[PDB]
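J.: here's a sequence, model it:
(chains A and B, ligands or ions: 3)
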Amino acid sequence: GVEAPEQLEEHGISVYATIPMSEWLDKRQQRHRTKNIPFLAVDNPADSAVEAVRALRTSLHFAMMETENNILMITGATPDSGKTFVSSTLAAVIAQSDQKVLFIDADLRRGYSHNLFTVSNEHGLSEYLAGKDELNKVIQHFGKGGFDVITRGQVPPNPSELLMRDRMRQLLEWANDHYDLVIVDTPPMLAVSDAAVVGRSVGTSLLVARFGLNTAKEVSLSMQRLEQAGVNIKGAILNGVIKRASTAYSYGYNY
Amino acid sequence: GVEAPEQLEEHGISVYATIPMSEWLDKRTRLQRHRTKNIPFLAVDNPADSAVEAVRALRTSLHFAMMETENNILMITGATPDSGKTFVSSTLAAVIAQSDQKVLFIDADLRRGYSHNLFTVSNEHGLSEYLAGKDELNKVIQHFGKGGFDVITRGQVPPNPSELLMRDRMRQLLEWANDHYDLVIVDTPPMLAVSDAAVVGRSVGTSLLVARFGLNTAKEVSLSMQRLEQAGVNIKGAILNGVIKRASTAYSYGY
Ligand SMILES: [Cl-]
Ligand SMILES: [Cl-]
Ligand SMILES: [Cl-]
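T.: Numbering: from 1, shown residues only, chains lettered A, B, ... in the order given. Ligands and ions are numbered 1, 2, ... in the order given. You can find the structure just below:
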């Protein structure tokens, strides 16, 4: 188990941000509206988890200085890292700054951001890459967050083959000229190569490891493998960080 | 003066909405550190306000009117100066954006638009710079954080306002925009002040005229719709804005 920012620095891994977990988020005469609860970034802006994401923004602001490419790929070591939380909150935070952001859910097998943004999943990433849908037909707007999104679409029979099609390249090149920041949420590296095939058309790449769940080893093993591939892995993010119990104990099995 | 909708229906002028005045804003209202970067924007501040509910109604009427008519450009002009045309269009922009819709707002009042001041965004690269061929499209499209929609400001006042609107990039812009946004709102200078609305109106698919409660007369309004007619511009109707119930009067004027 990780649990400590410096517990990564020692491995040489640079941590762009440490994000604590929100407890309020676990608690979770006509007029007509839409969408459902809950989106932390807009609901509780003062939240401690959100304030940290802003610090994540300030970090990328520098980091992402003169790289020409404005596509930032977010991925995790393994499943349940809270990477979708980090990425979606980052999108909201950056957009809120008067910035044009495009969020794409590249987890063609298990992306669920359509549920989080309470948006349709009929036309998404898979339909486009397969050639069924034109680009403008798969880009929708997440009202509550104030940014544009592309859901995963209907789970395809050939996830990986689709990610390698030329259309993924056309999309990122196109997207890079129309948005100030393009966030790509991808499957964990320790689960599929997908992040390596897409991480190769991106300027930045941040791996998100969860406090306690991830062993500082795999976060290096993940970055290492993305390095074998042309992927330009910058640092890492420590998500989950939960503290103050006045004792001495945690969790993390040893392999 | 003029107060209806009935007084408007009379001259055949079809009224899509009646927006009451907002006392909550008349006062300007105002219900650590690191603050925002804007000013009071009713649509997101007091959402349940009666002026915003009126706009929602406008949305509904516009939805039926803009029923399978394909062209998604909506031009909102006024009969005369200070008719509240910007409060109306900016509010509608926000409302429609919140329904998970990609919207583009453009200030086509190259001489007195102030929407950049309202959205408190930059005004160095705007419509005028783009129309003159100086700037590029992606350069002039910015994002309004609070509202959640994309905007294009006027830019620096050009020496040849009208000549630029007849350009060619105006059309080129509008049709390009029509393919990347679900809704395109174009704010134009008062019809009885310049010919601009009629030159731009020839590329919009729908047009609305906003008349102010008490300041306008059922005369000048139908006169504007008429001269827009001569130019071959789809003027679907009008909007009564400012309506302040529970009151009286104390002015004077006529023609
Ligand atoms: Cl996840
Ligand atoms: Cl294009
Ligand atoms: Cl005006």
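J.: flag every residue of the stretch 101-250 of chain A that's near ligand 1.
T.: Listed as neighbours of ligand 1 in the stretch 101-250 of chain A under the rule CB under 5 Å from the ion: no residues. Just so you know, the C-beta spots here come from the backbone N, C-alpha and C atoms, and that holds for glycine as well.
J.: can you give me the helices in the stretch 101-250 of chain A?
T.: With helices called from DSSP state H, counting those that start in this stretch, the stretch 101-250 of chain A shows them at A:113-116, A:125-129, A:135-138, A:159-164, A:166-178, A:194-198, A:218-228.
J.: deepest of these, which one?
T.: helix A:125-129 (a mean of 25; mean count of other CB atoms under 10 Å in any protein chain shown).
J.: do it and chain B meet?
T.: No. Using CB under 8 Å from any CB of the partner chain, we find that helix A:125-129 stays clear of chain B, coming within 14.8 Å at best.
J.: check contacts around residue A:108.
T.: Counting by CB atoms under 8 Å, 6 or more residues apart in numbering or on different chains, residue A:108 touches A:125-126, A:152-153, A:155-156, A:159, A:162-163, A:194.
J.: which bits of the stretch 1-150 of chain A sit near chain B?
T.: So far as CB under 8 Å from any CB goes, the stretch 1-150 of chain A lies against chain B at A:31-32, A:34-35, A:54, A:95-100, A:119, A:136, A:139-148.
J.: narrow those to those that are buried.
T.: Among those, the ones that count as buried by 16 or more other CB atoms under 10 Å in any protein chain shown are A:54, A:95-100, A:119, A:139-148.
J.: in strands, which of those residues fall?
T.: Residues of those located in strands (DSSP state E): A:140-142, A:147-148.
J.: I'd say residue A:204 and residue A:67 touch.
T.: Yes. The pair residue A:204 and residue A:67 qualifies as a contact (CB atoms under 8 Å) at a distance of 7.0 Å.
J.: out of those two, which sits in the busier spot?
T.: Comparing residue A:204 with residue A:67 by neighbour count (other CB atoms under 10 Å in any protein chain shown), the higher total belongs to residue A:204, at 22 against 14.
J.: name the nearest residue to the more buried one, ignoring sequence neighbours.
T.: Spatial nearest neighbour of residue A:204, excluding adjacent residues (CB to CB, 6 or more residues apart in numbering or on different chains): residue A:72 at 4.6 Å.
J.: now do the helix or strand containing that neighbour: which elements does it pack against?
T.: Following DSSP states H and E, one finds residue A:72 within strand A:71-76. For strand A:71-76, the elements it packs on are helix A:83-96, helix A:166-178, strand A:181-185, helix A:194-198, strand A:204-210, judged by 3 or more CB pairs under 8 Å, 6 or more residues apart in numbering or on different chains; DSSP states H and E.
J.: switch those over to TSV; also include distance to residue A:21.
T.: Output for the helices and strands packed on strand A:71-76, formatted as TSV (distance: least, CB to CB, whole Å):
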stretch	distance to residue A:21
helix A:83-96	9
helix A:166-178	31
strand A:181-185	19
helix A:194-198	24
strand A:204-210	9
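J.: and residue B:230, which of the ones you listed is closest to it?
T.: Of all those, it is helix A:166-178 that lies closest to residue B:230, at 37.6 Å by CB to CB.
J.: quick one, that closest one and strand A:181-185 angle?
T.: 150 degrees (axes from the mean of the first three to the mean of the last three CA atoms, to 10 degrees).
J.: what helices or strands is helix A:166-178 leaning on?
T.: Counting by 3+ CB pairs under 8 Å, 6+ apart, helix A:166-178 packs on strand A:71-76, strand A:101-105, helix A:125-129, strand A:181-185.
J.: now what about that helix, what contacts it?
T.: A:69-71, A:100, A:102, A:104, A:128-129, A:131, A:135, A:162, A:182, A:184, A:197-198, A:201-202, B:138, B:180.
J.: that one vs strand A:71-76, what angle?
T.: Using the same axes, to 10 degrees: helix A:166-178 against strand A:71-76 is 120 degrees.
J.: on that earlier part again, partners of the strand holding residue A:72, with directions?
T.: strand A:181-185 (parallel), strand A:204-210 (parallel) (DSSP bridges).
J.: what's it in contact with?
T.: Counting by CB under 8 Å, 6+ apart, A:60, A:64, A:82-83, A:86-87, A:90, A:172, A:175-176, A:181-189, A:195, A:198-199, A:201-210, A:222, A:231 sit against strand A:71-76.
J.: and it, does that touch ligand 1?
T.: No. Judged by CB under 5 Å from the ion, strand A:71-76 and ligand 1 are separated, with a smallest distance of 6.2 Å.
J.: host element of the residue of chain A most remote from its centre?
T.: Largest separation from the mean C-alpha position in chain A: residue A:29, at 39.9 Å (CA atoms, centre = their mean). Using DSSP H and E, residue A:29 sits within no helix or strand.
J.: what's the answer for the one 5 residues further on, then?
T.: Element membership for residue A:34 (DSSP H and E) is empty, with no helix or strand holding it.
J.: the one 4 residues further on too?
T.: Using DSSP H and E, residue A:38 maps to neither a helix nor a strand.
J.: got a list of what it touches?
T.: Contacts of residue A:38 (CB under 8 Å, 6+ apart): A:25, A:28.
J.: how far away is it from ligand 3?
T.: 40 Å (CB to the ion, to the nearest Å).
J.: do you know how far that residue is from ligand 1?
T.: 17 Å.
J.: for whichever residue of the stretch 51-200 of chain A sits closest to ligand 3, what are phi and psi?
T.: Here the residue of the stretch 51-200 of chain A nearest ligand 3 is residue A:98; by CB to the ion that distance is 24.3 Å. Main-chain torsions, residue A:98, degrees, to the nearest 10: phi 70, psi 50.
J.: just residue A:12 next, same as before
T.: According to degrees, to the nearest 10, residue A:12 has phi 90, psi -10.
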